[PDB]
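Descriptive analysis of the structure
One-letter residues, chain by chain:
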Amino acid sequence: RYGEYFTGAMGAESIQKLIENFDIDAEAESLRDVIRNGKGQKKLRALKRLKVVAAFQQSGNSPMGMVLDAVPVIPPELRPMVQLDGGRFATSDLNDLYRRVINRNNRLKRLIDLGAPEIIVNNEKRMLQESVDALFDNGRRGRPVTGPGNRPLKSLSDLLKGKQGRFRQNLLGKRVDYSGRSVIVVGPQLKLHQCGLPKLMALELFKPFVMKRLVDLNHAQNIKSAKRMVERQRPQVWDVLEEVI
Amino acid sequence: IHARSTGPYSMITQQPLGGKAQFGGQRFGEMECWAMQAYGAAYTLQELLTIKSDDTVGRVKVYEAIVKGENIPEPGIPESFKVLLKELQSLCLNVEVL
Amino acid sequence: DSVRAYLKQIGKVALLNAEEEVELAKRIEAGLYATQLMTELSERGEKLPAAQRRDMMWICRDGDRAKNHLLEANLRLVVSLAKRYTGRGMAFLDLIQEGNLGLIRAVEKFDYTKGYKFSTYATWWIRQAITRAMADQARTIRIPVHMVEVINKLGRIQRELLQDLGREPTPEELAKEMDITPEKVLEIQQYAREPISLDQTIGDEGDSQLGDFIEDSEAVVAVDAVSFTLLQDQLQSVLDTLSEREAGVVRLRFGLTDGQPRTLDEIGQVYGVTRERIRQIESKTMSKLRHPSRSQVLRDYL
Amino acid sequence: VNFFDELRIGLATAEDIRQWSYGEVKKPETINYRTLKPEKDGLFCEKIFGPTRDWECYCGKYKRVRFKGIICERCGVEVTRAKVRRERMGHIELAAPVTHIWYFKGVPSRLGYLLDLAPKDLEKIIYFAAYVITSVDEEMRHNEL
Amino acid sequence: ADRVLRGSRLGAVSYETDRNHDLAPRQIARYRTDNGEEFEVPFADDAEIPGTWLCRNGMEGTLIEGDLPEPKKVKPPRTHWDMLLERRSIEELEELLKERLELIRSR
DNA sequence: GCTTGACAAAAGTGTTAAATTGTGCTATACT
DNA sequence: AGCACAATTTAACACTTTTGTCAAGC
Ligand SMILES: [Zn+2]
């Protein structure tokens, strides 16, 4: 009764519709006017709102980007699945979130086909919304999805946040190759630009260089024989190491 | 006394890794990076950060050069930067290099 | 929490009694029959009088209305039955939705002439659908239904056996018990276990994860990568010292340059010879290579 | 390219997300349980993400390096370096719209200002707890009044 | 258990050398989806080109040529009418259609 | 240097049986 | 659970052609 005159909706589709019938320039002009004349706790709100309104208006953005209609899926090797000896699979947790999303999406897609009471389709769409929310940022809205052990699964955002994310990666330091360590003593006969170095550690650090430099002088048939000779500590190497150090 | 030229690497994170009969690899921490920067030595820092810890296509490409006696390829942009873009785009964030 | 909003929403619906669904089923079938007759009228054309069509279309609408009414009336039974399948493999709402699908199936496959309580027949479907779900969508690595049956059977058998014996049974024991060989029961046991999560901290403080301790058993050794190219080049050098033909003969035989081997006659196809004229040359060239001078440079790459 | 000047961020329109993928996934399957190989059309799929074995298709009609850049007409799996399973993305075509949470459940809720709705009133709408008016035909609602 | 437990990947790695010359020749086809899309797909030179292709878009597309071999073999999905026809005889339904009809005709 | 002849082991090729996997179904009442 | 049945994939076996082999000779 009276429906033919207006239109109503619910959920993300309703919000997308609202954003479609949204004129940004008019809202920006209206906020300009409100900040021009008004004052008190009516120009602070106006100015705040105008902040994001202008953020959307200036650049070549579009509010349509805030309502998803196609969800990307990260490459497989960024959520690996590796088989620990004994035939035991170990994987990330994003697999379960993607599986929940896809299952609920397919279930809604099938349920729409048959056609069913609105009471069910709405619950299904709400479940799908909550699944996507748990995917992008777990624990934000509601109680976080948890796996065996009643622990929260690491969502996509956890790839960037915390001291484990990509941003905080190169800052926390990382162990490197061609390195060693040892106890120190005094070298009172060394010059200011020299230092002692145990021949074993020198022969381990410089293994590739000596491996090469003992191929020119035909002390080994090929790089493989050279590597074997070096790992065996043959007498020939000690002459080359002094030339490469 | 320890040392490591090239040993085993962890599978999940490609940083070096050792055990009983494995070298292990030394840890170039943070204050060491601060000192390196205080020297202004950019190439040494990047080398300690890229072709010695994670960049799998860099470690082998430098080992081959060394063993063949060619020049060590100039450190470019690591491959650990074409993964941040994907991890972002997985959030519907369109980041473009200008 | 949405489980509460859903319970609230379902509550508002009014339950049904003995004979109400008796009438709803009649209305459903009448609407279906009128819809079917629709096509008969479409082909036979002759759109009946305004009322002759309007009344039938209203009866059809009544069909869908009654169907939705029954679905809403039984949603509560669905939830009541599905509220005791939780804690293992699936979320409460997914079970509720699978039960709703099962109830739709039941209502589609219900009969009102047999004179039975609707719930009695609906329970079968509402339980089967939930079980098939828990079987299909409960494991990261999917396992077909027939295997899940044997897995659950073996789980229950092992539970009962440990209860009676009061201790952990043995594989061969159940194999003798479950009418299968010990190898088959060990295989099913293998399939039983679920993948290990790769995130939780490793049992203590607390920053390192289970990931940084996995050493690949097939890692890409750099020395081998460098060695392969040198091996190719050394093969090329060694084969460049033989006859003009024998080099290409051996190559096409082992498929070095092109990449695909060739049969004995296939190579001679371009050399105008037959099986023997090719095989003799190939063998003699192999004997040539076996010479110490040739194998001195290659023996190490092996 | 080794020449950077900036690094710009922006929202991804729904028309881009489907312009990055190499296929749409439609089965929540990771790998077969007995043969340990990626399923078809599911996660880990080899036709939409890449080959699991260097220069090898799924069926196995092309194995060596001689076949690069070509696509097996049986399993549609392009043959190339197995390191492309670390650069290809897929997508999922949702059966109904879904709002990015970073902008609704934040502080301040970006939509709350873009649309001027109370956050506790927007949550009711986007979680199917209340209806919302999306358009009114003032013309007819005026004359037909 | 913090230790060195060795696992393994799924796949394989070959130390073969990339080469951009002397590779098998290929042939390109141009399939097209239902919503007017153009997708180019390579194929082996000596390969049986297929008739339909699950395109990058996500929906099956036909070729650029005019083969149009067969849109057939489809099987209609078991609907509610088939399930009613199973457990019911037309006559009964017909009779029912009459009775309820009267109720609406007689209000 | 090169062919013919017989000749045997290997690989297709086609067919048929086994197992494998997916789908439908079960009617006291239970909300 | 459990069963009943259909569709699909894997294996097993006969058989025929191909591919490698040796003896001989010219
Ligand atoms: Zn293939």
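Residues numbered from 1 in each chain as written, not as in the entry; some residues may be left out. Chains lettered and ligands numbered in written order. Part of a larger assembly, values for the part shown. Heavy atoms only, no water. Residues with missing side-chain atoms left out of burial classes, pairs and counts.

What the deposited record gives as its method is cryo-EM, and the resolution it gives is 3.38 Å.

**Focus on the overall build of chain A**
Convention followed: Comment: elements are numbered from the N terminus, with helices defined as DSSP H or I runs of at least four residues and strands as E runs of at least two. Atoms considered for the radius of gyration are the C-alpha atoms alone. The globule rule reads 2.2 Å times the number of residues to the power 0.38. Any two residues whose heavy atoms approach within 4.5 Å at even a single point are treated as in contact.
A tally of helices and strands in chain A yields nine helices and eight strands. In terms of overall size, chain A is more extended than a compact globule, its C-alpha atoms giving a radius of gyration of 33 Å where 245 residues would be expected to give roughly 18 Å. The principal-axis extent of the C-alpha atoms belonging to chain A is close to 100 × 55 × 35 Å. Counted over contacts in chain A with a minimum sequence separation of 6, partners at least 24 positions apart contribute 42%.

**Side note on the protein's contact with DNA strand F**
Heads up, the condition is: Being near a molecule or strand, for a residue, comes down to having at least one heavy atom within 4 Å of it. The definition of a polar contact used here is a pair of N or O atoms within 3.5 Å, where within protein one atom must be able to donate a hydrogen and the other to accept one, and adjacent residues in sequence count solely through side-chain atom pairs.
Around DNA strand F sit 31 residues in total, of which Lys109(C), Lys117(C), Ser119(C), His146(C) and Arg277(C) are the nearest. Counting only atoms of DNA strand F within 4 Å of the protein, the fraction found in sugar and phosphate groups is 53%. Within the side chain of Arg142(C), one N or O atom sits 2.6 Å away from a phosphate oxygen of DNA strand F. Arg34(D) has a polar side-chain atom sitting 3.0 Å from a phosphate oxygen of DNA strand F.

**Quick word on the coordination of the zinc ion**
All names here are of chain D. Rules: Note that water is not among the atoms considered, so a metal site may appear incomplete; the donors listed are N, O and S atoms within 2.8 Å of the metal, with 3.2 Å applied to Na, K and Ca. All geometry calls rest on donor angles, where a four-donor set with angles between 85 and 135 degrees is tetrahedral, four- and six-donor sets with opposite donors more than 155 degrees apart and all others between 65 and 115 are square planar and octahedral, and all else is irregular. Categorising residues by exposure relies on relative accessible area from a 1.4 Å probe, with only protein chains included: less than 20% of the type maximum marks a residue as buried, more than 50% marks it as exposed, and the intermediate range marks it as partly exposed.
At this site the zinc ion is bound by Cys 57 (SG), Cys 59 (SG), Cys 72 (SG) and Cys 75 (SG), with donor distances of 2.3 to 2.4 Å. Because the angles between the four donor atoms bound to the zinc ion fall within 92 to 135 degrees, the donor set is best described as irregular. Read from N- to C-terminus, the donor residues coordinating the zinc ion fall into the pattern C-x1-C-x12-C-x2-C. With a gap of 15 residues between them, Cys 57 in the loop between helix 1 (14–20) and strand 2 (90–99) and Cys 72 in the loop between helix 1 and strand 2 connect regions that are remote in the sequence. For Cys 57, a relative accessible area of 7% gives the class buried. Its relative accessible area of 1% is what places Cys 72 among the buried residues.

**Digging into the protein's contact with DNA strand G**
All names here are of chain C. This is how it is decided: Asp, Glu, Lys and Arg are counted as charged, while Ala, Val, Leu, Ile, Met, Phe, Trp, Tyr, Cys and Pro are counted as nonpolar; the rest, among them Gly, fall into the polar class.
The immediate surroundings of DNA strand G are formed by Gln 128, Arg 132, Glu 149, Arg 156, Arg 253, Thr 263, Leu 264, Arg 275, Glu 276 and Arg 279. Here the atoms of DNA strand G within 4 Å of the protein split so that 64% fall in sugar or phosphate, with bases taking the remainder. Within the contact set of DNA strand G, a base nitrogen lies 3.5 Å away from a side-chain nitrogen or oxygen of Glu 149. Interatomic distance of 2.5 Å between a side-chain N/O atom of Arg 253 and a phosphate oxygen of DNA strand G. Those elements that provide at least two residues to the surface near DNA strand G are helix 5 (118–136), helix 6 (145–165) and helix 12 (275–289). Counting residues per element, the surface near DNA strand G draws most heavily on helix 12, which supplies three residues. In terms of residue class, the surface near DNA strand G is built from one nonpolar, two polar and seven charged.

**A look at the interface of chain D and chain A**
The cut-off we apply is this: Throughout, the accessible surface (probe 1.4 Å) given up by two parts as they are put together, summed over both, is called the buried area. Within this document, salt bridges are pairs made up of a side-chain nitrogen of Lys or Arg and a carboxyl oxygen of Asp or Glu, the two lying within 4 Å of each other. Should DSSP find at least two bridges between two strands, the strands are regarded as paired.
With 60 residues of chain D at the contact, the number on the chain A side is 62 residues. For the pair chain D and chain A, the summed buried area comes to about 6400 Å², and 70% of that belongs to carbon and sulfur atoms. A per-residue breakdown of the area chain D buries against chain A is headed by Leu114(D), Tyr127(D) and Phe128(D), which together make up 13% of the total. Scanning the region where chain D abuts chain A turns up three salt bridges. Across the pair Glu77(A) and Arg85(D) runs a salt bridge, and its minimum N-O distance is 3.7 Å. Linking chain D with chain A are 18 residue pairs in polar contact, by the criterion used here. Elements with a contribution of two residues or more to the side of chain D that touches chain A: helix 1, strand 2, helix 2 (101–104), helix 3 (110–116), helix 4 (119–126) and strand 3 (132–136) of chain D. Broken down by element, the side of chain D that touches chain A gets its largest block of residues, 10 residues, from strand 2 of chain D. In terms of strand pairing, strand 2 (residues 67–73) of chain A meets strand 2 of chain D through six bridges, oriented antiparallel. Looking at the pairing, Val71(A) lines up with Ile92(D) of strand 2 of chain D.

**Structural notes on helix 4 (residues 94–114) of chain A**
Threshold: What a helix is expected to span follows from its residue count: subtract one and scale by 1.5 Å.
The first and last C-alpha atoms of helix 4 of chain A sit 31 Å apart over 21 residues, in line with the 30 Å expected at 1.5 Å per residue. Following helix 4 of chain A by one or two positions, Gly115(A) adopts a phi angle in the positive range, close to 80 degrees.

**Re the pattern of salt bridges**
Note that side chains of opposite charge can pair when their charged atoms are close. The full count for this structure, using the stated rule, is 44 salt bridges over all chains. With a closest N to O distance of 3.7 Å, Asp116(D) and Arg49(A) form a salt bridge. Linking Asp116(D) in helix 3 with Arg49(A) in helix 3 (residues 44–58), this pair reaches from one chain into another. For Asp116(D), a relative accessible area of 54% gives the class exposed.

**Points about the interface of chain B and chain C**
Listed as interface residues are 12 residues of chain B and, on the opposing side, 13 residues of chain C. Around 990 Å² of area is buried between chain B and chain C when both sides are counted, 78% of it from carbon and sulfur atoms. Per-residue buried area on chain B facing chain C is highest for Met11(B), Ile12(B) and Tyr63(B); these three make up 39% of the total on that side. The interface formed by chain B and chain C contains zero salt bridges. Our count for the chain B to chain C interface comes out at three residue pairs in polar contact. Split into classes, the residues belonging to the side of chain B that touches chain C amount to eight nonpolar, two polar and two charged.

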